[PDB]
Each structure stands twice: as structure tokens, then as C-alpha cells.
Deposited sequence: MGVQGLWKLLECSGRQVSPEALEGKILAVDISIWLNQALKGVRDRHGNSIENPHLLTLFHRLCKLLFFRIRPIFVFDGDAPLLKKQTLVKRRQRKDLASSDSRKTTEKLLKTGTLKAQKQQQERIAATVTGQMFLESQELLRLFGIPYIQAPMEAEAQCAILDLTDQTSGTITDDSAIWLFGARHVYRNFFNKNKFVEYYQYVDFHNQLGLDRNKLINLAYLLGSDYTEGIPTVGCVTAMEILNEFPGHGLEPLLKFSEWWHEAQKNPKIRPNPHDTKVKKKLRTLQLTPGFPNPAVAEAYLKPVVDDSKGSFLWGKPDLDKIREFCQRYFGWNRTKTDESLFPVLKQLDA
């Protein structure tokens, strides 16, 4: 999910790009969102469903990555931060209800750990390196972008910006939507957004770490952050103070139309929660400096894997592998 309307606000800075512009670059790829999407499969066959669709999509996307001379570093999620789980609990408390938590995590754990073993097997056969992030994989990609270990990161999760990412390629594994390239420098110089502003935007709009303010979108959020200017987390403190005294027997000394609009919307009794900004500023990553290597694939292991998990014969796997090996010449 990421941040609610962050991509809408940032889109003025992005640059449309042909997939051949990623040729040659080393890039990290968050895979844990692919497994969380092919968790319970899809019935796309004209009469039935697929067995291991996560492996199938992984294979197709590995083929597309190698077709464009990309050198990917896959990053797997680790544990979930406490705030992520609490927000997934409060977003599950709205289960369409009007007028069993210890057996769901334990099933998700083992099912996703088997998906992990399968995916890592396929990645090893393709000779591409991967890393098990300690908690968050988007922060683990951001720390690689910052340390100049990658030329960017392929992801659609806007929340990576809040972890300090600098270069991002988005809509790459989308067919109809053009690939788009975003640089922190460009939208910093355009929109005046640094990391702290983006974190306050996550406070207002909502993310996996906190639910936002029900009325506000990116426009109202930017109007707020520009109406209470400050450093770091100060703007939200000023906003909370002003809103508490605003909802204190009021009756007006020419409040700006934005402040006429903000007295309406409601706030959580604990807003703001500095643990959110802390979890975005100082997350858990591998500070290690890596030396990544990309091995040559071997078609026999790949064909055995394809036959064991999808039931493909040599001439189908080979047909879907013809262009990849064609490009991998020098």
C-alpha cells in the first residue's frame, strides 16, 4: 500500500522511461510484495486455478529482468514491526462489522516460509543474489541505494521514500503503464519535500505504520504542512495543539480557508505518535557493505525446476528462455 496519495503528489517529478533505460544498472527488487499478492492464488485458467502462481510470476519477471540486462538484488521481508501489526489489527477491526490471532500468523508464517524456500531455490538456479532483510525489505533496499551499492530500486511502494531512498523505478512489471523513474533530488528541488516532510505526510495520509485523517488527501496534507511550518515533527505538534484549542468552545479572527476546513476533520486522541516517525527514521537494516556477484544460469536445473513446479517440457521452458540467453552473450 505504502502512503495513500504519495505517488499522486510525486508524479510531477517522475520521468517516463523505456524499459531499455534500466539496461546495465544494478537494482534492488522487493519480492515480499509479490508473495503477499500470490498468497491465496488466482483461478485464471478457463476452468480451474494455478498451483504455484507466485513461482510462475517470479519466473516471468526474472525473464523480463534478464532480458533488459538488469543485475537484480532481491530483498526478502523479515519480521514485522510492532506498529505494522497494530495497524493491520486496526484495519482488520474494520471487517465490515456493524451492529483467533495466534492461529493466523502461525499459518501465514509456514506458508510464506515455504514460498520463501521455493523462491530462493529458483533465484539460486538463476544465479542472482538475494538478501534476507531483518525486518523491512523496503528499508533494506533504501539503505543499499544510500550506500551507493545499487543504481536504484525497482518497487511500487511509495513508503520506500520514507526510508531514505534516492532512485526508484516504478511500474516496471506493469504492461500498460509506462515505466517511471523518480529521483529524490528532483522532487526535493521541485516540491520542497525532504524525508521529514514525507514522514509527516505519512502521519496525515496514512501508511502501514499508522492510519491517517479520514478526510485528508495529499492536497489537504500539503496545505497542513505548509500552514504549520517547522523542523522534523514540529508541524504535527503545532497542528494537534491548534486543533485541540480549535475544538474548544469556538465561535473568527479571519482564519484562512484552510483553517476553516481543518476545524471540521477529526483527530485520533493520541495524535501524533512519535514512534511512527522513529520507525521511519531509524529502522532495522543490514548496515553491512556487500560485494554482490551474479552467476551464470544453468538450463538443466531450470528445466527440472520448471517441470517440477509447473509441468513444463524442455521445449517450452527453452522457448520462454530463448530471448534471455540470446541477450546474455557478452
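- Query: Where does the model skip over parts of the deposited sequence?
  - Reply: Sequence ranges with no C-alpha atoms are 100-117, 270-272.
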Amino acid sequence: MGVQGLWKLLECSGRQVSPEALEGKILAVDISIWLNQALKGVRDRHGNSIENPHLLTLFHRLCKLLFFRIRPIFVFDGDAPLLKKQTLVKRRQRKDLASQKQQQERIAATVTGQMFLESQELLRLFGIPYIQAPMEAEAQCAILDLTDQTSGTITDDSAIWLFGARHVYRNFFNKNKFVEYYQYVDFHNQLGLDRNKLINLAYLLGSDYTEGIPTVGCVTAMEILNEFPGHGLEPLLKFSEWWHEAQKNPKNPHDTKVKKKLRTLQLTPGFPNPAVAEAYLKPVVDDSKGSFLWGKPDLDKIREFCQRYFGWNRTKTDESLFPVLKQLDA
From here on, numbers count along this sequence of modelled residues.
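- Looking at the deposited entry, does 28-36 or 46-54 carry the larger mean Cα B-factor? In the deposited entry, the stretch with the higher C-alpha B-factor mean is 46-54.
- Query: Averaged over C-alpha atoms, is the B-factor higher for 229-237 or for 88-96 in this PDB entry?
  - Reply: According to the entry, 88-96 carries the higher average C-alpha B-factor.
- Highest Cα B-factor in the PDB entry belongs to which of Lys257, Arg166, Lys197, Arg124? Of the candidates given, the C-alpha B-factor peaks at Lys257.
- Taking the values straight from the PDB record, which of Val75, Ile128, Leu162, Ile107 has the highest C-alpha temperature factor? Max CA B-factor in the entry, restricted to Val75, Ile128, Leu162, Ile107: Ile107.
- What third of its chain's C-alpha B-factors does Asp148 belong to: lowest, middle or highest? Its C-alpha B-factor, which the entry lists for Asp148, ranks in the middle third among residues of this chain.
- Message: Using only modelled residues of the chain, where does the Cα B factor of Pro297 rank: lowest third, middle third or highest third?
- Response: Middle third - that is where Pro297 ends up once the chain's C-alpha B-factors are sorted.
- In terms of the chain's CA B-factor thirds, is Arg308 lowest, middle or highest? Middle third by C-alpha B-factor.
- Message: Using only modelled residues of the chain, where does the Cα B factor of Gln140 rank: lowest third, middle third or highest third?
- Response: Within its chain, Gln140 is a lowest-third residue by C-alpha B-factor, going by the deposited values.
- Third of the chain's Cα B-factor distribution that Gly113 belongs to, per the entry: As the PDB entry reports it, the C-alpha B-factor of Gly113 lands in the highest third of its chain.
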